[PDB]
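As structure tokens, the structure follows; a few thoughts come after it.
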Amino acid sequence: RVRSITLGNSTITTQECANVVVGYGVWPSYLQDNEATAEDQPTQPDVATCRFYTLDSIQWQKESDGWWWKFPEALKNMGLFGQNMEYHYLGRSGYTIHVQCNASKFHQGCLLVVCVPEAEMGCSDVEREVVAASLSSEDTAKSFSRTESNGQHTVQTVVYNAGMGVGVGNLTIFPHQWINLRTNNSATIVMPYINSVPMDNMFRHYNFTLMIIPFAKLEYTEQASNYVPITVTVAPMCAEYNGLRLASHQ
Amino acid sequence: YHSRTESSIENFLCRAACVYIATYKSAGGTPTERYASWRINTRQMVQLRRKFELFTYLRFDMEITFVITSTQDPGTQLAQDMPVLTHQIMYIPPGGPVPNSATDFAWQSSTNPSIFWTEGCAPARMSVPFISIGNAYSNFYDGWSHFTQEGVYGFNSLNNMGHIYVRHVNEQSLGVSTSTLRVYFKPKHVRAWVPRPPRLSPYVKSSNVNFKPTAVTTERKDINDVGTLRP
Amino acid sequence: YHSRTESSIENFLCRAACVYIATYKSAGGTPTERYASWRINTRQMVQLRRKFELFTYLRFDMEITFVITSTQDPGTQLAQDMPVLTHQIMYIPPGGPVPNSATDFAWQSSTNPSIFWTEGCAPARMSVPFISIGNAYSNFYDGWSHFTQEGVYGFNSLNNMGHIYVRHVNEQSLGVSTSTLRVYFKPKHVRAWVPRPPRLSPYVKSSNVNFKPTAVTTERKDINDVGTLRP
Amino acid sequence: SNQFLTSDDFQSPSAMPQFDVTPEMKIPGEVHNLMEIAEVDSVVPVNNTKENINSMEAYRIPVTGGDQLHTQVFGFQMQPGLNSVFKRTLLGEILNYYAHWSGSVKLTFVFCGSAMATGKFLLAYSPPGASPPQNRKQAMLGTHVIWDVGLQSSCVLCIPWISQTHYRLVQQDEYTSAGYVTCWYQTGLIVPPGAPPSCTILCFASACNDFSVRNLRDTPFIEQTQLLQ
Amino acid sequence: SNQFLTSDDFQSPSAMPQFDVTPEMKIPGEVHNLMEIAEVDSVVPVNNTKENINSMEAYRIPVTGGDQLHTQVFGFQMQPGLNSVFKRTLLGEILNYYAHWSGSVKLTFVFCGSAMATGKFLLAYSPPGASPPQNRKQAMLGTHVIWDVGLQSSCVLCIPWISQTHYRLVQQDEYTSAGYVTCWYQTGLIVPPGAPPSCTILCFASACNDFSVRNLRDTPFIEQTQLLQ
């Protein structure tokens with residue numbers, strides 16, 4: 001009931017037996033023959049890239065609004081998977097995002113953990129455009145805001161419109177999980193590869209966005225540690241590439 | 001037990017809609033109002049844009065219909081008896097020769113499919129298949145056009161359907177005839193994937209997803225405020 | 001595995017192409033602009049000439065279509081109400097009576113097939129079979145027309161397809177009506193032999209293979225000069 | 001005839017015959033019916049009180065802790081599509097695209113408190129031709145469930161479909177002909193020393209399997225008319 | 001309808017029915033597909049350096065003899081139809097008639113020297129998202145063959161088809177997305193007394209069996225527009 005998961009000869013994650021969300025209903029898989037357009041063979045690096053990339057922990061405070069990571073840029077420096085994003089041209093990968101919190105029984109709160117395919121985001125200034133430096137950092141989260149952002153080339157990071165101009169309660173349409181600290185502790189979503197082409201270049205394109213939004217805010221009394229660490233762990237699935245060359249950049 | 005055929009994807013996204021009304025004259029002056037032009041995009045009309053933006057990936061054929069009604073312009077030098085007006089509607093396939101002005105070789109290009117239609121009968125119709133290098137069109141594109149994260153944030157994507165150009169075929173010297181084109185676009189055999197939430201904020205421009213922060217719903221008096229209580 | 005039907009000989013040489021645009025009036029003056037005339041040859045239009053000159057020997061039927069749009073001429077003595085314009089398009093079979101001018105007995109000759117077409121409906125169409133004493137047409141002829149190496153270098157060959165002559169049938173006294181003919185020629189059931197290299201030099205005239213010496217390709221900086229190297 | 005009905009299915013000649021379409025590949029998440037988008041739960045803005053609608057406070061139903069024991073938690077008129085509580089959720093955005101609707105609504109209330117908290121709520125439902133309950137004793141004699149939040153964290157409350165006719169108009173307001181779902185304090189909210197006294201409920205509404213719509217039209221939400229630029 | 005699509009196959013009434021066509025005879029060399037013209041080798045103008053294009057010197061790749069041992073013989077960007085090296089050969093004249101293309105390119109390098117000459121060349125190929133090699137050591141670690149001209153006179157080098165999508169546009173210039181084929185001196189060119197020291201290579205490009213085109217259009221080469229006379 002405290003079963004350990006070992007993925008590759010480097011990683012150990014301890015986890016109890018809970019519920020998973022599998023994509024839009026499909027497991028990630030390898031490309032078959034009547035699915036691709038490229039003129040070569042994939043040569044998937046199964047022997048080295050399937051492991052757990054535990055990112056840094058964020059602190060769910062009382063006054064926090066939400067965080068998002070864009071993928072696959074979220075593993076740009078994470079080990080050999082970041083090297084394959086350099087020394088290739090096309091790529092195709094599913095992921096198994098596992099999100100878990102360490103709260104006591106005297107904490108309360110609720111999170112919504114969404115995976116949004118093609119989460120294109122609007123800018124904080126109309127009649128203007130975003131830059132790539134405001135969409136995502138390479139490994140750290142990007143914070144939503146309670147109030148209105150007002151920059152020139154930034155993102156409209158207000159929390160109830162989710163950066164996309166929609167209702168934040170309707171993000172339940174995409175693959176999601178609720179971390180309710182009363183009963184739930186963890187959340188694990190298995191995203192497949194969703195695109196309109198069989199393989200895309202994973203520098204320009206953002207395949208999906210992992211959003212973690214607190215709907216019921218965190219409350220605690222005065223004895224308690226005044227944050228709950230949220231730890232995200234991403235494991236790539238069935239990664240395969242094409243176009244061996246040098247790194248650009250660098 | 002009722003029927004759910006009214007809310008299938010074919011019955012929800014396949015209705016004809018007037019998406020473009022333009023006008024074009026038939027005599028000289030500036031070389032711009034002698035023809036009409038419409039780049040085929042489902043973003044200029046908000047009503048149809050919101051229905052298409054309930055989905056991430058779409059795949060459909062097109063069924064375009066042209067309602068052309070002409071009139072006689074006022075002023076001096078009127079035509080009295082004028083024979084009949086014939087109109088050329090040209091579909092420039094994506095990456096095809098595009099007319100700078102009327103009477104340009106682009107009009108006589110064999111590559112661009114064209115319809116010659118005479119006034120007084122049933123309207124002109126054409127069907128265009130799914131024309132893309134990709135395997136679907138994408139309503140959203142979280143990415144860039146060029147390589148090193150440079151370019152416009154999702155506008156040079158392979159979601160190009162082409163253009164439609166309309167002009168008078170006649171060589172009319174005396175009198176001007178002003179025609180008005182109505183384009184009734186309709187998708188056929190629609191296949192849609194990855195349902196998205198319906199949009200809350202109003203649109204600002206047909207190249208972006210930019211928005212202003214709007215409320216999630218409409219206000220109420222209290223949390224326990226049912227309304228009216230007629231009895 | 002893709003499909004190769006787009007580059008078959010039928011799909012490459014069978015597209016309709018506007019090969020001749022002429023105009024012809026309907027009232028007197030000089031007896032030349034009252035009718036139109038086109039000797040059927042695939043050499044006056046360079047774009048179609050280059051596609052046909054990828055082959056030495058061709059064999060096809062013809063599918064000719066005529067797009068006739070008329071107009072009312074300006075000036076005094078205008079027709080006000082004019083009934084309708086009927087046009088005669090005559091195909092003079094090779095070695096057949098050819099009209100010197102309008103209202104000539106050649107027009108009423110039973111031998112030359114003709115189409116009577118009234119304005120306001122679908123365009124006029126005719127199909128001509130493979131008409132040759134030989135067993136194919138020849139795009140090239142390394143030889144002479146007469147016996148003892150005298151004559152023109154390949155112009156009186158049995159590659160004659162005939163002529164097309166168009167006139168107004170009406171007897172219109174008051175007012176002039178100027179019509180413009182567009183010929184959309186198209187080959188059907190094409191069979192082609194002996195593939196030839198595509199031409200490098202530009203053409204000079206539609207009776208020869210004469211040319212000016214042009215470079216084989218476009219220049220470059222060095223032999224080891226790849227271009228740009230963006231990264 | 002020789003007319004043009006805009007609502008008329010007819011084949012047309014292809015403008016580009018002789019063109020091979022890109023072979024369709026397996027993309028996950030295919031939609032065949034709009035009702036599959038409506039049968040997912042969406043968070044219901046119950047607290048829409050004019051200073052919460054521009055924040056996240058219009059999703060959280062406040063359950064304060066102390067000495068009330070006879071007052072109300074919330075309450076709304078149960079009609080999706082026209083009520084402000086429901087017209088912007090996924091179910092009520094699809095209902096605004098149609099003129100008729102028919103089926104059940106499934107509500108789910110999740111108690112987002114600490115595991116050490118305990119209390120009881122009375123979740124009453126009133127029928128369409130009936131007045132909203134005014135106290136907890138009137139709501140007890142109606143149709144109620146007792147949601148003991150120490151035992152369960154979610155209370156699924158499905159609402160029956162009662163009407164004289166087959167379908168029902170979406171954009172009309174038949175007052176006192178829809179039903180009310182109110183909630184009353186039964187015990188309070190008992191917490192040990194160290195647990196926070198006040199808490200939060202979230203509501204999730206969706207459709208059921210018997211749901212249907214008819215007579216498609218334009219959504220009332222989009223007012224823009226002229227083309228963009 | 002009652003329209004005229006120019007791209008519409010329809011039978012028409014024959015102008016001359018009752019006429020017997022000349023019986024077709026067997027002429028050798030029948031063509032059924034345009035791709036059969038592209039699968040023949042044509043001599044590639046690699047030396048197109050603005051004073052060779054008006055001569056035969058823009059077909060001969062010069063391999064001088066002496067002491068270089070680290071320099072380059074040639075190199076080009078591997079894209080037929082748009083590159084000046086390939087757009088006038090038989091393969092690149094057919095590709096300019098179409099807007100899409102897909103398939104492999106087969107190169108063949110023939111050493112036109114004397115039978116007493118001996119040397120070694122390194123024939124490197126770089127992938128589409130990769131930089132051209134700058135010296136012989138960088139080209140060795142890529143994809144290379146060693147062509148020993150004392151043993152073989154021809155070096156057939158077939159080039160793979162790598163793209164993200166199914167077809168590929170001909171008239172567009174995706175820089176650093178096509179591939180480079182360079183050639184480097186490995187040893188030199190060793191000749192006995194009596195043999196000429198400098199020599200000549202010729203290149204021959206064609207298509208392969210997996211080749212296809214789509215979306216026919218007009219060739220960019222012919223600019224004349226008005227009819228001849």
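Simple scheme: letters A, B, ... for chains in structure tokens order, numbers from 1 for residues in each chain, numbers from 1 for ligands in the order shown.
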
Return as a ChimeraX atom specification the residues belonging to chain C that are within 7 Å of chain E, counting only C-alpha atoms. /C:1-4,6-9,15-16,44-47,113,122,125-128,130-135,192-194,205-206,214-226,229-230

Among stretch 55-136 of chain E, which ones does DSSP assign to alpha helix (DSSP H) (computed from the backbone)? Answer as a PyMOL selection string. chain E and resi 90-94+136

Keeping C-alpha atoms for every residue in the selection just given, could you write it to a file as a PDB file, in the first residue's frame?
ATOM      1  CA  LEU E  90      15.678  16.898 -65.657  1.00  0.00           C
ATOM      2  CA  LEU E  91      14.551  16.215 -62.026  1.00  0.00           C
ATOM      3  CA  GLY E  92      14.425  19.929 -61.160  1.00  0.00           C
ATOM      4  CA  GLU E  93      12.618  20.941 -64.342  1.00  0.00           C
ATOM      5  CA  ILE E  94       9.773  18.563 -63.551  1.00  0.00           C
ATOM      6  CA  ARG E 136      37.489  16.992 -42.891  1.00  0.00           C
TER       7      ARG E 136
END

As a PyMOL selection string, please: all residues of stretch 17-227 of chain B that backbone DSSP puts in strand (DSSP E or B). chain B and resi 17-24+35-39+55-72+86-92+114-118+124-128+137-138+163-168+177-185+187-195+199

What are the residues of chain A that have an atom within 8 Å of an atom of chain E, counting only C-alpha atoms, as a ChimeraX atom specification? /A:36-40,88-90,197-200,243-246

Deliver the residues from the most recent selection as a file, using N, CA and C atoms, as a PDB file, in the first residue's frame.
ATOM      1  N   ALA A  36       2.750   8.170 -39.946  1.00  0.00           N
ATOM      2  CA  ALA A  36       3.808   9.158 -40.099  1.00  0.00           C
ATOM      3  C   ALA A  36       3.976   9.565 -41.558  1.00  0.00           C
ATOM      4  N   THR A  37       4.678  10.682 -41.742  1.00  0.00           N
ATOM      5  CA  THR A  37       4.957  11.251 -43.054  1.00  0.00           C
ATOM      6  C   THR A  37       6.457  11.387 -43.318  1.00  0.00           C
ATOM      7  N   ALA A  38       7.298  11.291 -42.287  1.00  0.00           N
ATOM      8  CA  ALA A  38       8.738  11.454 -42.425  1.00  0.00           C
ATOM      9  C   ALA A  38       9.360  10.298 -43.209  1.00  0.00           C
ATOM     10  N   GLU A  39      10.537  10.571 -43.769  1.00  0.00           N
ATOM     11  CA  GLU A  39      11.216   9.671 -44.689  1.00  0.00           C
ATOM     12  C   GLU A  39      12.221   8.750 -44.004  1.00  0.00           C
ATOM     13  N   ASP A  40      12.118   8.551 -42.694  1.00  0.00           N
ATOM     14  CA  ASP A  40      13.124   7.773 -41.983  1.00  0.00           C
ATOM     15  C   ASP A  40      12.449   7.019 -40.843  1.00  0.00           C
ATOM     16  N   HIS A  88      18.198  16.907 -32.009  1.00  0.00           N
ATOM     17  CA  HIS A  88      17.205  16.294 -32.883  1.00  0.00           C
ATOM     18  C   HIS A  88      16.431  17.412 -33.563  1.00  0.00           C
ATOM     19  N   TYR A  89      15.543  17.031 -34.466  1.00  0.00           N
ATOM     20  CA  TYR A  89      14.719  17.996 -35.175  1.00  0.00           C
ATOM     21  C   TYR A  89      13.237  17.833 -34.897  1.00  0.00           C
ATOM     22  N   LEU A  90      12.743  16.603 -34.857  1.00  0.00           N
ATOM     23  CA  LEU A  90      11.358  16.321 -34.530  1.00  0.00           C
ATOM     24  C   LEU A  90      11.303  15.481 -33.264  1.00  0.00           C
ATOM     25  N   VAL A 197      -0.010  17.174 -36.428  1.00  0.00           N
ATOM     26  CA  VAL A 197       1.021  16.514 -37.223  1.00  0.00           C
ATOM     27  C   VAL A 197       1.571  15.377 -36.374  1.00  0.00           C
ATOM     28  N   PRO A 198       2.146  14.337 -36.993  1.00  0.00           N
ATOM     29  CA  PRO A 198       2.651  13.217 -36.182  1.00  0.00           C
ATOM     30  C   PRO A 198       3.884  13.552 -35.366  1.00  0.00           C
ATOM     31  N   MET A 199       4.668  14.543 -35.775  1.00  0.00           N
ATOM     32  CA  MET A 199       5.874  14.918 -35.053  1.00  0.00           C
ATOM     33  C   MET A 199       6.120  16.397 -35.271  1.00  0.00           C
ATOM     34  N   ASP A 200       6.455  17.107 -34.204  1.00  0.00           N
ATOM     35  CA  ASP A 200       6.725  18.530 -34.299  1.00  0.00           C
ATOM     36  C   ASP A 200       8.070  18.842 -33.670  1.00  0.00           C
ATOM     37  N   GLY A 243      15.856  13.164 -37.189  1.00  0.00           N
ATOM     38  CA  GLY A 243      16.679  14.290 -37.586  1.00  0.00           C
ATOM     39  C   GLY A 243      17.902  14.544 -36.724  1.00  0.00           C
ATOM     40  N   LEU A 244      18.801  13.564 -36.646  1.00  0.00           N
ATOM     41  CA  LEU A 244      20.028  13.711 -35.869  1.00  0.00           C
ATOM     42  C   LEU A 244      20.952  14.757 -36.498  1.00  0.00           C
ATOM     43  N   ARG A 245      21.381  15.719 -35.681  1.00  0.00           N
ATOM     44  CA  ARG A 245      22.225  16.832 -36.113  1.00  0.00           C
ATOM     45  C   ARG A 245      22.907  17.403 -34.873  1.00  0.00           C
ATOM     46  N   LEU A 246      23.479  18.598 -35.010  1.00  0.00           N
ATOM     47  CA  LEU A 246      24.089  19.295 -33.891  1.00  0.00           C
ATOM     48  C   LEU A 246      23.032  20.059 -33.095  1.00  0.00           C
TER      49      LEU A 246
END

Proximal residues of chain B relative to chain A (only C-alpha atoms; 9 Å) as number ranges by chain: B: 56-57, 133-138, 140-150, 152-154, 194-202, 204-205, 208-217

If we count only C-alpha atoms, which residues of chain C reach to within 7 Å of chain B? Please list them as a PyMOL selection string. chain C and resi 16-18+69+71+74+80-81+120

Write out the coordinates of chain E as a compact mmCIF listing (two decimals) with C-alpha atoms, in the first residue's frame after a least-squares overlay onto chain D built on all ordered Cα pairs.
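Contents of selection-v8.txt, freshly written:
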# COMPACT_ATOMS: atom_id res chain seq x y z
CA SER E 1 -37.33 24.83 -57.34
CA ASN E 2 -34.73 27.19 -58.83
CA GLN E 3 -34.22 28.81 -55.42
CA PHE E 4 -31.52 28.80 -52.75
CA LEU E 5 -32.53 27.52 -49.34
CA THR E 6 -29.65 28.21 -46.99
CA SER E 7 -30.73 25.14 -45.01
CA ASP E 8 -30.51 22.72 -47.93
CA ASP E 9 -28.02 19.86 -48.23
CA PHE E 10 -26.85 19.44 -51.81
CA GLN E 11 -23.69 18.11 -53.39
CA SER E 12 -21.69 20.58 -55.46
CA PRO E 13 -18.97 20.09 -58.07
CA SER E 14 -15.54 20.01 -56.45
CA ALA E 15 -13.41 23.02 -57.32
CA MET E 16 -10.23 20.93 -56.97
CA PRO E 17 -10.98 17.34 -58.17
CA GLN E 18 -7.77 15.33 -58.82
CA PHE E 19 -6.37 16.43 -55.39
CA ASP E 20 -5.47 13.78 -52.76
CA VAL E 21 -6.44 14.79 -49.19
CA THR E 22 -3.89 14.32 -46.37
CA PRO E 23 -4.68 10.85 -44.78
CA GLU E 24 -6.38 11.43 -41.45
CA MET E 25 -4.48 10.20 -38.41
CA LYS E 26 -5.62 9.15 -34.96
CA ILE E 27 -5.94 12.27 -32.80
CA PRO E 28 -7.21 11.52 -29.27
CA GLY E 29 -10.34 13.18 -27.98
CA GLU E 30 -12.87 12.99 -30.79
CA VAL E 31 -16.25 14.60 -30.17
CA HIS E 32 -19.37 13.25 -31.84
CA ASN E 33 -22.14 14.96 -29.85
CA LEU E 34 -22.35 18.32 -28.10
CA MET E 35 -24.00 16.61 -25.12
CA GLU E 36 -20.68 14.98 -24.19
CA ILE E 37 -19.38 18.47 -23.38
CA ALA E 38 -22.42 19.12 -21.18
CA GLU E 39 -22.14 15.88 -19.15
CA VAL E 40 -18.92 17.02 -17.48
CA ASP E 41 -19.00 18.82 -14.17
CA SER E 42 -18.16 22.50 -14.09
CA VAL E 43 -17.66 24.66 -11.03
CA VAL E 44 -20.85 26.63 -10.40
CA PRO E 45 -20.60 30.32 -9.51
CA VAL E 46 -23.00 30.33 -6.57
CA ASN E 47 -21.54 33.35 -4.73
CA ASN E 48 -22.11 35.87 -7.57
CA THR E 49 -22.75 38.89 -5.35
CA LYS E 50 -21.31 41.80 -7.40
CA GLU E 51 -18.01 42.00 -5.49
CA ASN E 52 -17.03 38.36 -6.02
CA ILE E 53 -17.70 38.02 -9.77
CA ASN E 54 -14.37 39.69 -10.56
CA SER E 55 -12.48 37.28 -8.28
CA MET E 56 -12.36 33.63 -7.22
CA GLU E 57 -14.72 34.35 -4.30
CA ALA E 58 -17.66 33.70 -6.66
CA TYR E 59 -16.98 29.98 -6.54
CA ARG E 60 -16.60 29.43 -2.79
CA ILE E 61 -19.73 28.99 -0.66
CA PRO E 62 -18.75 30.26 2.83
CA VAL E 63 -19.66 28.06 5.78
CA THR E 64 -18.77 30.06 8.87
CA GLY E 65 -18.29 28.30 12.19
CA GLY E 66 -19.97 29.25 15.43
CA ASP E 67 -23.56 29.62 16.62
CA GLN E 68 -26.10 29.91 13.81
CA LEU E 69 -27.91 26.51 13.70
CA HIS E 70 -31.06 27.87 12.03
CA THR E 71 -29.90 30.02 9.09
CA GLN E 72 -29.28 29.31 5.42
CA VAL E 73 -26.07 28.47 3.61
CA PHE E 74 -27.20 29.20 0.04
CA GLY E 75 -30.11 28.77 -2.36
CA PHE E 76 -30.88 29.30 -6.03
CA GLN E 77 -33.60 28.86 -8.62
CA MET E 78 -32.98 25.60 -10.47
CA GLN E 79 -33.08 26.55 -14.14
CA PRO E 80 -29.93 26.24 -16.28
CA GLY E 81 -29.47 28.62 -19.16
CA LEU E 82 -31.36 31.59 -17.75
CA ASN E 83 -30.25 31.71 -14.12
CA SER E 84 -27.07 33.68 -13.49
CA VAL E 85 -25.80 30.83 -11.30
CA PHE E 86 -25.89 28.37 -14.21
CA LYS E 87 -25.85 30.24 -17.53
CA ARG E 88 -22.05 30.48 -17.79
CA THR E 89 -21.09 26.92 -16.81
CA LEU E 90 -20.47 24.24 -19.48
CA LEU E 91 -24.09 22.91 -19.27
CA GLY E 92 -25.59 26.41 -19.47
CA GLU E 93 -23.36 27.56 -22.31
CA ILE E 94 -24.55 24.70 -24.49
CA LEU E 95 -28.19 25.28 -23.49
CA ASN E 96 -27.98 28.87 -24.72
CA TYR E 97 -27.19 27.58 -28.23
CA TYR E 98 -30.60 25.87 -28.34
CA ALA E 99 -34.18 26.97 -27.77
CA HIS E 100 -35.54 23.77 -26.21
CA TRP E 101 -34.06 21.52 -23.54
CA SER E 102 -35.10 18.44 -21.60
CA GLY E 103 -33.41 16.31 -18.98
CA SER E 104 -32.02 16.11 -15.46
CA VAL E 105 -29.37 18.19 -13.71
CA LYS E 106 -26.82 16.56 -11.39
CA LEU E 107 -25.37 18.69 -8.60
CA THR E 108 -22.39 17.78 -6.44
CA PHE E 109 -21.31 19.67 -3.32
CA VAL E 110 -17.75 19.13 -2.09
CA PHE E 111 -16.86 20.17 1.46
CA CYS E 112 -13.40 21.74 1.28
CA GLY E 113 -12.62 21.80 4.98
CA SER E 114 -10.14 20.01 7.20
CA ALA E 115 -10.43 16.31 8.01
CA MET E 116 -10.87 17.17 11.69
CA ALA E 117 -14.07 19.17 11.04
CA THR E 118 -17.55 17.74 11.56
CA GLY E 119 -21.03 19.07 10.92
CA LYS E 120 -24.35 18.43 9.24
CA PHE E 121 -26.17 20.23 6.44
CA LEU E 122 -29.75 19.81 5.25
CA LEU E 123 -29.89 19.86 1.44
CA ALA E 124 -33.49 20.53 0.47
CA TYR E 125 -35.07 20.46 -2.98
CA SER E 126 -38.43 22.01 -3.71
CA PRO E 127 -40.65 21.00 -6.67
CA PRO E 128 -41.45 23.40 -9.55
CA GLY E 129 -44.85 24.62 -8.33
CA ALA E 130 -43.70 25.17 -4.71
CA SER E 131 -42.34 28.05 -2.56
CA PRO E 132 -38.70 28.15 -1.31
CA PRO E 133 -38.44 26.85 2.32
CA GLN E 134 -38.09 29.76 4.84
CA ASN E 135 -36.60 27.90 7.83
CA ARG E 136 -35.01 24.52 8.50
CA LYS E 137 -38.28 23.03 9.76
CA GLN E 138 -40.09 23.80 6.50
CA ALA E 139 -37.19 22.36 4.50
CA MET E 140 -37.20 19.17 6.57
CA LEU E 141 -40.76 18.26 5.62
CA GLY E 142 -39.98 18.65 1.92
CA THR E 143 -37.44 16.60 -0.05
CA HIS E 144 -34.12 16.64 1.76
CA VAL E 145 -30.94 14.71 2.34
CA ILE E 146 -28.77 15.02 5.43
CA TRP E 147 -25.14 15.53 4.43
CA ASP E 148 -22.90 14.62 7.36
CA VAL E 149 -19.53 16.02 6.30
CA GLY E 150 -17.60 13.93 8.81
CA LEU E 151 -18.62 10.77 6.93
CA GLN E 152 -18.71 11.91 3.29
CA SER E 153 -16.91 14.73 1.50
CA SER E 154 -19.24 14.94 -1.52
CA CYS E 155 -23.05 14.93 -1.68
CA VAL E 156 -24.34 14.04 -5.15
CA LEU E 157 -27.83 15.51 -5.63
CA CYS E 158 -29.64 14.62 -8.86
CA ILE E 159 -32.69 16.70 -9.76
CA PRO E 160 -35.73 15.21 -11.53
CA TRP E 161 -37.25 16.43 -14.78
CA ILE E 162 -40.82 17.61 -14.16
CA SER E 163 -42.78 19.49 -16.82
CA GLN E 164 -46.20 19.40 -18.42
CA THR E 165 -44.81 19.30 -21.96
CA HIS E 166 -42.05 17.35 -23.68
CA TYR E 167 -39.29 19.96 -24.01
CA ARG E 168 -38.89 23.31 -22.29
CA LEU E 169 -37.97 26.76 -23.57
CA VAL E 170 -34.58 28.00 -22.41
CA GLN E 171 -34.83 31.78 -22.77
CA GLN E 172 -38.18 32.22 -21.01
CA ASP E 173 -38.68 32.90 -17.31
CA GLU E 174 -41.56 30.91 -15.86
CA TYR E 175 -41.24 32.13 -12.25
CA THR E 176 -42.26 29.51 -9.59
CA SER E 177 -42.10 26.77 -12.29
CA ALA E 178 -38.44 25.62 -12.00
CA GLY E 179 -37.66 24.44 -8.44
CA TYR E 180 -35.28 25.70 -5.71
CA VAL E 181 -32.22 23.96 -4.15
CA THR E 182 -31.50 25.46 -0.72
CA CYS E 183 -29.19 24.38 2.09
CA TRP E 184 -29.62 24.84 5.82
CA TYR E 185 -27.41 24.48 8.87
CA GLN E 186 -28.39 21.47 10.97
CA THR E 187 -25.70 21.32 13.67
CA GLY E 188 -22.97 23.85 12.90
CA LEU E 189 -19.29 23.10 12.35
CA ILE E 190 -17.38 21.45 15.20
CA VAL E 191 -13.58 21.72 15.09
CA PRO E 192 -10.84 20.64 17.54
CA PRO E 193 -8.24 23.09 18.87
CA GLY E 194 -5.92 23.67 15.93
CA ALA E 195 -8.38 23.38 13.05
CA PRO E 196 -9.70 26.48 11.23
CA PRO E 197 -13.32 27.25 12.14
CA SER E 198 -14.58 28.53 8.77
CA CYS E 199 -14.63 26.40 5.63
CA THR E 200 -15.68 26.29 1.97
CA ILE E 201 -18.10 24.34 -0.27
CA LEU E 202 -17.80 24.02 -4.07
CA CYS E 203 -20.67 23.04 -6.37
CA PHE E 204 -20.41 21.09 -9.65
CA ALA E 205 -23.27 20.89 -12.17
CA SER E 206 -23.64 18.69 -15.23
CA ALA E 207 -26.27 16.92 -17.31
CA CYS E 208 -27.47 13.33 -17.16
CA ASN E 209 -27.97 10.55 -19.70
CA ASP E 210 -31.57 11.54 -20.52
CA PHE E 211 -30.56 15.03 -21.66
CA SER E 212 -31.56 16.47 -25.05
CA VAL E 213 -31.78 19.80 -26.87
CA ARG E 214 -33.61 21.11 -29.93
CA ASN E 215 -34.07 24.19 -32.17
CA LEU E 216 -30.54 25.56 -32.52
CA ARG E 217 -30.12 29.33 -32.64
CA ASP E 218 -27.52 32.02 -31.76
CA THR E 219 -26.09 32.38 -28.20
CA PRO E 220 -27.36 35.45 -26.26
CA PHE E 221 -23.82 36.06 -24.85
CA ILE E 222 -22.06 37.26 -28.05
CA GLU E 223 -23.31 40.82 -28.84
CA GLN E 224 -20.59 41.84 -31.37
CA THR E 225 -22.10 42.01 -34.88
CA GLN E 226 -19.70 43.74 -37.36
CA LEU E 227 -16.70 41.70 -38.56
CA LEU E 228 -13.40 41.95 -36.71
CA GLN E 229 -11.41 44.70 -38.49

As an NGL selection string, please: the residues near residue A:191 (cut-off 7 Å, only C-alpha atoms, same-chain neighbours under 6 positions excluded). :A and (22-23 or 94-96)
